[PDB]
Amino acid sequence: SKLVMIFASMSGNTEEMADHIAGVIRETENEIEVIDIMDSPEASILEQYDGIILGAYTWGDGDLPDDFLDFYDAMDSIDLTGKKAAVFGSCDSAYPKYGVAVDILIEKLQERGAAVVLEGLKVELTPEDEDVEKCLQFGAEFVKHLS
C-alpha cells in the first residue's frame, strides 16, 4: 500500500518521532512519503494515498502549529472515506491543553471519512528510550490495519 506522513516540528521532537515511525514502516512492503508541513503540501494529496499519518506539536493556547492552518482549512474540501489514518505529536505538560493538536487533527480526519485506527500518540518533549519504543509499536500497529 501507498502511505503519506505529514509532520510539523519546530524544535525537532515531533520530527524524531516521524523519522522513527516512518523508518519502521519502510521495513514493510509498503511505500511511505514523508513531508514536512514547512514544504507546504496541499491537502488534496491525501486523497491519493491508502493510509495517512499526521504529526504535530501543539502551539499557543491549545492550537495547531501556524504552518498547519492553511492545510487544516483545505481538509474541509477532501474526501478520505476508506483511508486508514493515525496521528502523533510531541507535547508539554507545562501547558493545560496538552497535545490537543493531536486531538484536533484526529477530529478533522474523522469528519472527512477516514478510519482512525490508533489512539493519538503523545510524547512529552524529547523522546526517551521508552517513547521511541512506543513509536515502533505505533508504526507496527498501523501496518497491521492495512491490507
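In this text, residue numbers run from 1 along the sequence as written.
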Per the PDB record, is the mean Cα temperature factor higher over 105-113 or over 56-64? 56-64
Taking the mean of the C-alpha B-factors per stretch from the entry, tell me the winner out of 10-18 and 125-133. 125-133
The residue of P96, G82, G99, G120 with the maximal C-alpha B-factor according to the PDB record is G82
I37, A43, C91, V87, ranked by C-alpha B-factor: the highest one: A43
Among modelled residues of the same chain, the CA temperature factor third for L3: middle
